[PDB]
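We begin with a single chain expressed as structure tokens, specifically the form deposited in one PDB entry.
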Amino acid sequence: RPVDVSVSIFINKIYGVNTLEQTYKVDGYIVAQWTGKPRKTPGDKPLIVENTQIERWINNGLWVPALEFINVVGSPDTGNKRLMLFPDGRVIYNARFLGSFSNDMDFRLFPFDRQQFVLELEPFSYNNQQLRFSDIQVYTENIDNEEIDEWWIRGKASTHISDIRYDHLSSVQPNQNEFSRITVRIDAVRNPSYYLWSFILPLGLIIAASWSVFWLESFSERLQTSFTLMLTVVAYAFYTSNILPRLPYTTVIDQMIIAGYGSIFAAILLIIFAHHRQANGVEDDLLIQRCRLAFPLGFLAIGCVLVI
């Protein structure tokens, strides 16, 4: 008894990912098909009804169900819409849409994070004994030039009709609380190039160069230099944080920078220890030289151990 609705979603563009709000933008078309009481049309050719006229057809009692994007954020921008009314009953609703969609997004493995962009589609008023999603086709384009793009869409889209039971309701009438829901997934990974060459690498070099504090001859030389290195790291945290996506947690990159702060606070604790370890506050030429490429080892070891 429920109406069978066949859905097709064409996806043109996924862009404008907002990390903090955990949202992304989607431009595409949506197509919905169902069959009803047949109709006498001009000619026996199908009838086309564009935009403002659909309202009039609905006002004279044409059945056009809602279909709401569950995970949209604010009313999406709908472009031109179309009704194609067939004489043998059918009907097809075709409309373009631009919307901001929500999903959980874990950006902790940044800049090597994998995300999946999702659309969820569900009738607004009609349960599965009134309206049912029969099948979902999903269409995406084949991106020829990938570096142009920030994200690489890795796979064809996964689709799945399913059924949603709403437990807190108006009247239960025990079979009127389940809804048909299309769910669409598109997996993707971040193009990690720019973030490697322009942030990760320089932070490496600078962190390396921090260790060369030890190869200064004087103690005064070594300790005063640490303060300039300290500053370089502050400047660097400022650089990354101002240009990298804002988040509520530490990334790979954020960790490197805290490491940088420590390697420098560490050396300062040693550089100053050397100068008082032995009696006669003689600078301690034995301990330092070892640190010179022990640190580049010890940091390169206990720093090599995060896979969280």
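Here the rigid core means the biggest group of C-alpha atoms that line up within 1.5 Å when the two forms are laid on top of each other. Note that residue numbering follows the sequence shown and begins at 1.
The same protein also exists as the form deposited in another entry; that form is not shown, yet it is the one meant from here on.
Novice: Out of 178, 88, 141, 150, I need the residue that shifts by 2 angstroms or more at the Cα between the shown form and the other one, core superposed.
Specialist: Of all the options, the C-alpha that shifts by at least 2 Å belongs to 141.
Novice: Superposing on the rigid core, I want to see if residue 229 changes position between the shown form and the other one - specifically a Cα shift of 2 Å or more.
Specialist: Where the cores coincide, residue 229 shows only a C-alpha shift between the shown form and the other one that is less than 2 Å.
Novice: Would the C-alpha of residue 128 be classed as shifted by 2 Å or more between the shown form and the other one after rigid-core alignment?
Specialist: It does shift by 2 Å or more.
Novice: So, does residue 21 move by 2 Å or more at the CA between the shown form and the other one, with the core held fixed?
Specialist: No, its C-alpha moves less than 2 Å.
Novice: Have a look at residue 133 and residue 166: in the other entry, are their Cα atoms closer together or farther apart than in this form, given the change is 3 Å or more?
Specialist: Distance between the C-alphas of residue 133 and residue 166: longer in the other entry, by 3 Å or more.
Novice: Would one find the Cα atoms of residue 137 and residue 36 closer or farther in the other entry than in this form, where their distance changes by 3 Å or more?
Specialist: It is farther: in the other entry, the C-alpha atoms of residue 137 and residue 36 lie at least 3 Å more apart than they do here.
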